[PDB]
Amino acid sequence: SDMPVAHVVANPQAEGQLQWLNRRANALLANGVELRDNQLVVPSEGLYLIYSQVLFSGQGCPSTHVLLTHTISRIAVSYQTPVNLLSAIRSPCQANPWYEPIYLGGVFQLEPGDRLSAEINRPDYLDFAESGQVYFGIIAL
């Protein structure tokens, strides 16, 4: 179709950080949607479905209370600062392995030039072992 669509995945080699890639099998960047500075750029006005998942993991639980946070934020032309659209928090700890999925998803009205970021607080806990564990995407409805 000709609907602005995006399903970028995390770079499996860029460990310690979360870099979105589009040039992969089963990934999408099309019909006007751009990936600049690791954010997604909206081509046209409309109602967009916006979703994202991250996956954290660890070998054990550090001396502290570990708090994982995943947040899709929006900078609107009509309001230029990241504003939280979708946000969640998870806590694996309170030497066995632990895994922590977080999924964000919702429908939003976006204007042309709006940029969408999908950030996390602890890039050092991401898990890129397999494909489809970490992703960020939008589609114009």
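Numbering starts at 1 and follows the sequence shown.
Exercise. Would you class the number of unmodelled deposited residues between residue 94 and residue 95 as none, 1 to 3, 4 to 9, or 10 or more?
Worked result: Missing residues, residue 94 to residue 95: 4 to 9.
For this session: Mind pulling up the entry and telling me whether 107-115 or 61-69 has the higher mean Cα temperature factor?
Result: Stretch with the greater average CA B-factor: 61-69.
For this session: Pick between 122-130 and 21-29: the one whose mean CA B-factor in the entry is higher.
Result: Averaging CA B-factors over each stretch, the winner is 122-130.
Exercise. Within this chain, which third does the Cα B-factor at residue 141 fall in: lowest, middle or highest?
Worked result: Middle third, going by the recorded CA B-factors of the chain.
Exercise. For residue 99, does the deposited CA B-factor place it in the lowest, middle or highest third of the chain?
Worked result: Highest third of the chain for residue 99's C-alpha B-factor.
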